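Peer 1: before the rest arrives, take these chain(s) from the complex:
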Amino acid sequence: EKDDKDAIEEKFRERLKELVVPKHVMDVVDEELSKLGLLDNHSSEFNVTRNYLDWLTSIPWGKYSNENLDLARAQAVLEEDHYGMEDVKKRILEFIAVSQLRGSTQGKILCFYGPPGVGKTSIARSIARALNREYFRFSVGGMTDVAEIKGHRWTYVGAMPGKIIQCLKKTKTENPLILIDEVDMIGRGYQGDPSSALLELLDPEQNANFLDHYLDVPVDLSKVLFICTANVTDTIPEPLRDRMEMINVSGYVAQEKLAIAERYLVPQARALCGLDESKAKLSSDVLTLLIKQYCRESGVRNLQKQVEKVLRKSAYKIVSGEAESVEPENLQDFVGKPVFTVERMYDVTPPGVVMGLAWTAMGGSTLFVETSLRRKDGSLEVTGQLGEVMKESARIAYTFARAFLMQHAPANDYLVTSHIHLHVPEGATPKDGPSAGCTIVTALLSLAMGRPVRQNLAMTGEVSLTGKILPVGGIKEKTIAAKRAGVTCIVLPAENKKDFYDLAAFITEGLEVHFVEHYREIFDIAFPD
């Protein structure tokens, strides 16, 4: 009757010899071992007990992983592994200083929202490497159930604990670092609870006594590192966001991205062919055209897709025809074909038509605004996204434009006595709706005066009904697109003054900027006389 112990029970005690299991597991193991010795092989509970003891002994209970860090060395690792993220490194070094007084780990939980292709997942690896800390990743994008994170009922046959516990086993961790991908993209289902379970993951006091369905024990992890990723602020659940340590990451400028590609992406890519690193001929010139053709997107995702394929092509060829240092002329040969055209395809802008800036999940983008005549009464017809907030902002803009006209040029009654059609592209968040307020006005006055703007001028601003300008969100992301599209001048609200000066270096030089409080100012700027 005890013959069944020799087969499996032997492996349990040997793995547990070093483990110092907590207070709750004192009585659990005693109960489990006693049952396993006396229950038959054909018993359902025997199989469950076998699986339970196998998991408990595999879990790093009480075997401490020695967290070692150095202030100066950690800083260097960040510099070495990644380019940019200046603010992020500072913030992370601030954490290191915090932990050093505390004489132990600190359970500050960070998140980086913003455009993709910034390297959120890779930054985490470097942080972990700098902190000599073990790392694992969750994808909340597909998180749908609590039974995913907390496991299934122990009683149920063939049950398995949650992802966090699976993480605990595999990495042999006591002080883990955790990544949480796409917090904003939480899945749904009949168990809509994982959204609120993320809240449980936030507070260290709820991380402590974190119940697992299979382990029949609350799991005590306190003061543990976590990193999260997102796209835009609004999409994150409010109760999570309010306590979460919200931090932004910026996009990449042309020359910034070029150096990144050469220095990091190419060597990582060159690894995947494995051919000799020196006398590589992926010079700036080759990459400059890759920028123009593929890299309309703010991040490096499309560049990475291209470059990785460039070196994959090289690998094949080691044994496929004479490459003869295959890796400007032969750009189209090696890749295939050009794709993208000039962004400003009507640099000679029609009257009634102006371009502005808007923000999107994928990154900052340039959006065009067109007005058209459809030919007492007079009306504006609005098209595009049919969201109510777009309509009301336009109505405001429409009326102010009329108001502006009646004092500036009382003789003209173009806008007053006509039906005008207006179109706006779909690439706008709710907050971007107001953001493109003045652009409409300009377009309307452009259509009314029948003259296009001072050439190559972009702009972003909400307009009051009496014409004063109001603050807008996402200045960082919007400015990138402006420089990308190669605008001469940007005019912004006075209250947005701080944000621009605080940006990266590269974007600042070669851009004319004026700060505005009232639209009267923009009128004179946009139209010389």
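Peer 2: Good, I have the coordinates. Residues are numbered from 1 along each chain as shown, chains lettered A, B, ... in the order given.

Peer 1: Residues touching the helix or strand harbouring residue A:72, excluding its own?
Peer 2: Counting by DSSP states H and E, the element that carries residue A:72 is helix A:71-81. Here helix A:71-81 makes contact (C-beta atoms under 8 Å, 6 or more residues apart in numbering) with A:85, A:89, A:92-93, A:96-97, A:100, A:122, A:125-127, A:129-131. For every residue, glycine as well, the C-beta is placed using N, CA and C.

Peer 1: Sheet partners, orientation included, of the strand of greatest length in chain A?
Peer 2: Ranked by residue count and defined by DSSP state E, the top strand of chain A is strand A:363-373. Paired strands of strand A:363-373, with direction, are strand A:353-360 (antiparallel), strand A:419-423 (antiparallel) (DSSP bridges).

Peer 1: which parts of the shortest one are buried?
Peer 2: Read it as strand A:419-423. Residues of strand A:419-423 classed as buried: A:420, A:422 (neighbour count, 16 or more other C-beta atoms under 10 Å).

Peer 1: Send me whichever helix or strand comes after that strand as CSV with only the CA atoms.
Peer 2: Counting by DSSP H and E, the next helix or strand C-terminal to strand A:419-423 is helix A:432-435. Extracted in CSV, the C-alpha atoms of helix A:432-435 (Å, rounded to 0.1, in the frame of the first residue of the first chain):
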residue,chain,number,x,y,z
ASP,A,432,-7.5,65.9,-30.9
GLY,A,433,-11.0,67.1,-31.9
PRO,A,434,-10.6,70.4,-30.1
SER,A,435,-6.9,70.4,-31.1
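
Peer 1: Show me what helix A:432-435 is packed up against.
Peer 2: Using 3 or more C-beta pairs under 8 Å, 6 or more residues apart in numbering; DSSP states H and E as the contact test, the elements touching helix A:432-435 are strand A:353-360, helix A:388-408.

Peer 1: Flag every buried residue along the longest one.
Peer 2: Think helix A:388-408. A:390, A:393, A:394, A:396, A:397, A:398, A:400, A:401, A:402, A:404, A:405.

Peer 1: Quick check: the farthest pair among the residues you listed?
Peer 2: Greatest spatial distance among the buried residues of helix A:388-408 (C-beta to C-beta): A:390 and A:405, at 22.2 Å.

Peer 1: distance between the ends of stretch A:148-160?
Peer 2: 9 Å (C-alpha to C-alpha, to the nearest Å).

Peer 1: And the contacts of stretch A:147-159?
Peer 2: With C-beta under 8 Å, 6+ apart, stretch A:147-159 has contacts from A:44, A:47-48, A:51-52, A:143, A:160-165, A:191, A:194, A:197, A:211-216.

Peer 1: How far away from the center of its chain is it?
Peer 2: Its chain's C-alpha centre and that of stretch A:147-159 lie 32 Å apart, by C-alpha atoms, centre = their mean, to the nearest Å.

Peer 1: same question, stretch A:152-169
Peer 2: 30 Å.

Peer 1: rewinding a little: next, the buried residues of the helix holding residue A:72.
Peer 2: Quick answer for helix A:71-81 (16+ other C-beta under 10 Å): A:74, A:75, A:77, A:78, A:81.

Peer 1: repeat for stretch A:157-175
Peer 2: Under the neighbour-count criterion of 16+ other C-beta under 10 Å, stretch A:157-175 has A:159, A:161, A:162, A:163, A:164, A:165, A:167, A:168, A:173, A:174, A:175 buried.

Peer 1: who's in contact with the one helix or strand the fifth one maps to?
Peer 2: Think residue A:164. Using DSSP H and E, residue A:164 sits in helix A:163-171. Outside helix A:163-171, the residues that touch it by C-beta under 8 Å, 6+ apart are A:55, A:58-60, A:134-136, A:138, A:148-149, A:151, A:160, A:173, A:176, A:178, A:210, A:212, A:214-215, A:219.

Peer 1: with the structure above as the base, add chain B:
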Amino acid sequence: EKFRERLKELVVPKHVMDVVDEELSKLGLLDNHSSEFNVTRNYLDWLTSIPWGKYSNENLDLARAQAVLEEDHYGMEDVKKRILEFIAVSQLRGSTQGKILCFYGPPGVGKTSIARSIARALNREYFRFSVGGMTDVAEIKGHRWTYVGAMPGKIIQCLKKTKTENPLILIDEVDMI
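Peer 2: Once chain B is put in with the chains from before, the structure reads:
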């Protein structure tokens, strides 16, 4: 294992490995009695059934196309001329143009017949789905799996049935949108 057999021929893109593996792994977690298991199996079946990176061969000639055009229909001097222009341009590049092709005329003139003839000319697989009188975008994009009798996008369907990456699709009655 059977999904792996399906994936053996129709290999998914490199970023889809994780999605496929994740679904298959959690299928192992879900009991075959659970509601989600049945839905999961459908999702995986639909995913694997798509001919990812798999396309039937295309052998073609402009002169042969004219012979097909002549034998299938009489007349349409201008129409034959117009369509051979696109065939010529497509042959030159060896790939599909950015610009797309549409035909207008009286009902029963043979607009759909031309489409069938072009497919036969190119030795190309053919499918047709109608957009005449539709008002719901969800008809195009399908519905999420939680819907009772979950049904995907029509475009996804036609790709699956044709068992190719490069099918000839007739999107009829675009005017009646």
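
Peer 1: same question on the buried residues of stretch A:157-175, but now with chain B added
Peer 2: A:159, A:160, A:161, A:162, A:163, A:164, A:165, A:167, A:168, A:173, A:174, A:175 (16 or more other C-beta atoms under 10 Å in any protein chain shown).

Peer 1: Restrict these to those that also contact chain B, please.
Peer 2: residue A:160 (C-beta under 8 Å from any C-beta of the partner chain).

Peer 1: check contacts around residue A:250.
Peer 2: By C-beta atoms under 8 Å, 6 or more residues apart in numbering or on different chains, the residues touching residue A:250 are A:84, A:114, A:118, A:476, A:477, A:480, A:503, A:504.

Peer 1: mind checking how far residue A:364 is from residue A:114?
Peer 2: 10 Å (C-beta to C-beta, to the nearest Å).

Peer 1: Common neighbours of these two, please.
Peer 2: A:251, A:477.

Peer 1: Extract the CA atoms of the helix holding residue A:164 and return them as CSV.
Peer 2: Below are the C-alpha coordinates for helix A:163-171, written out as CSV (Å, rounded to 0.1, in the frame of the first residue of the first chain):
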residue,chain,number,x,y,z
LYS,A,163,0.7,32.7,-15.2
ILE,A,164,2.4,34.6,-12.3
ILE,A,165,3.0,31.3,-10.5
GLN,A,166,4.2,29.6,-13.7
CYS,A,167,6.6,32.6,-13.9
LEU,A,168,7.7,31.9,-10.3
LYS,A,169,8.6,28.3,-11.0
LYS,A,170,10.5,28.7,-14.3
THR,A,171,12.7,31.6,-13.3
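
Peer 1: now it, how far from the centre of its chain.
Peer 2: Worked out by C-alpha atoms, centre = their mean, helix A:163-171 lies 25 Å from the chain centre.

Peer 1: number of nearby residues for residue A:218?
Peer 2: Number of residues near residue A:218 (other C-beta atoms under 10 Å in any protein chain shown) recorded here: 12.

Peer 1: How many residues are close by whatever residue of the stretch 401-529 of chain A ends up closest to chain B?
Peer 2: The nearest approach of the stretch 401-529 of chain A to chain B comes at residue A:426, 12.9 Å away (C-beta to the nearest C-beta). Close neighbours of residue A:426, defined as other C-beta under 10 Å, add up to 9.

Peer 1: what's the answer for residue A:66, then?
Peer 2: 7.

Peer 1: what's the answer for residue A:16, then?
Peer 2: 18.

Peer 1: how close does it sit to residue A:56?
Peer 2: To residue A:56, residue A:16 is 8 Å away according to C-beta to C-beta.

Peer 1: Pull up the overlap in contacts between the two.
Peer 2: What both residue A:16 and residue A:56 touch, as defined by C-beta under 8 Å, 6+ apart, is the set residue A:29.

Peer 1: In three-state terms, label the closest residue to chain B within chain A for me.
Peer 2: Nearest to chain B in chain A, going by C-beta to the nearest C-beta, is residue A:160, at a distance of 6.0 Å. When classified by DSSP: H, G, I helix; E, B strand; the rest coil, residue A:160 comes out as coil.

Peer 1: That one reaches residue A:214, doesn't it?
Peer 2: Yes: using C-beta atoms under 8 Å, residue A:160 and residue A:214 qualify as a contacting pair, with a distance of 6.4 Å.

Peer 1: any idea which element the residue lying closest to residue A:513 once chain neighbours are set aside lies in?
Peer 2: Excluding the flanking residues, the one nearest residue A:513 by C-beta to C-beta, 6 or more residues apart in numbering or on different chains is residue A:490, at 5.5 Å. Secondary structure assigned from DSSP H and E places residue A:490 in strand A:489-493.

Peer 1: So what touches the next helix-or-strand element following that strand?
Peer 2: Next along the chain after strand A:489-493, taking DSSP H and E as the criterion, comes helix A:497-501. Contacts of helix A:497-501 from elsewhere in the structure, counted by C-beta under 8 Å, 6+ apart, are A:475, A:476, A:479, A:492, A:508, A:513, A:515.

Peer 1: Now do the buried residues in helix A:497-501.
Peer 2: Buried-residue list, helix A:497-501, by 16+ other C-beta under 10 Å: A:499, A:500.
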